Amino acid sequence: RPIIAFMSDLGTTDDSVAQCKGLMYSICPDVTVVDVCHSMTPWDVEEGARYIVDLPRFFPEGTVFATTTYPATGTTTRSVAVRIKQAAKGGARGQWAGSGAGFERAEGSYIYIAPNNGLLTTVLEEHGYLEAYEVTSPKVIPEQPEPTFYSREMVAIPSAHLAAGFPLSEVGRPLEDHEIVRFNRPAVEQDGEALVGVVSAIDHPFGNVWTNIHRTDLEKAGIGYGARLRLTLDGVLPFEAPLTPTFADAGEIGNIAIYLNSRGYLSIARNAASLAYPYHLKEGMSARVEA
């Protein structure tokens, strides 16, 4: 009973996703196709990455992630399929997802198939990989790919073949590490004991504000759950609050909460109100934090 979890930039306004879904049931009739999300900003591979990197621990082993934004559609470029290593713990503590102590997940248990455009950068950085292959076999892609729709032709279609049991090694030749494209993610800067980063994203639809300053960064400045923090956004907004587990820890509705979000990252928001929407806060603004 195999699952393909499908993340694209195709939107949900026309029949493009359905076209892929139809081909997924044509090829693997007993497949369950779980939508991740299709709303991402087109061609923004750093954002697409955000929506896929935390997925594996939540799915049954054998799940295939089909993840694509494909600006080089119609070119000699060919996709990449990789088996990941660690399923990886996650969240604010670092733990397995699920009831009890959680579903512990085996190694080598999930496959990603994506354009070779850097979309899987963080996936590989945070999980590792056991093997990678270029996707060129006409048993899993079309002989005549539709030039402008490689997200269906070089991702959806082969993802269903893999989901139906088609051997990963037979999709094409192995790829060396340097042949897999990456983007570089900027580091969290240091010193003064302060940490300098950015707003990775606005957490829709709440308007929470997410930074790229991970828990591991907070640790190794000695920052923990009682610490009176000062987090400055956009160079001019020095918010001040203790680091708390959650939103209601700020007291009244509307108050400020500095917390670790559900993916392990330092964040700021308001208790049952929007921080970012009234003040038009945006991804890309700076983010410093300190004692």
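Each residue number is its position in the shown sequence, starting from 1. Only the largest set of C-alpha atoms that superpose within 1.5 Å between the two forms is called the rigid core.
Take 122-130 and 188-196, fit the other structures onto the shown form by the rigid core, and average the C-alpha distances in 7 other deposited structures of this protein: the farther stretch is 188-196. For the pair 101-109 and 82-90, greater average C-alpha departure from the shown form in 7 other deposited structures of this protein after core alignment is found in 82-90. Per the PDB record, of the two stretches 226-234 and 26-34, 226-234 carries the greater mean B-factor over its C-alpha atoms. Between 192-200 and 119-127, the higher mean Cα B-factor belongs to 192-200. Set against one another, the Cα B-factors of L218, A114, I111, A156 in the record reach their highest point at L218. In this entry, the residue among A72, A87, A160, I141 with the greatest C-alpha B factor is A87. Among the modelled residues of its chain, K21 has a C-alpha B-factor that falls in the lowest third according to the deposited record. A132 sits in the middle third of its chain by CA B factor, as recorded in the PDB entry. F166: CA B factor lies in the middle third for its chain, per the PDB record. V209 sits in the lowest third of its chain by CA B factor, as recorded in the PDB entry. In the PDB entry, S99 places in the middle third of its chain by CA B-factor.
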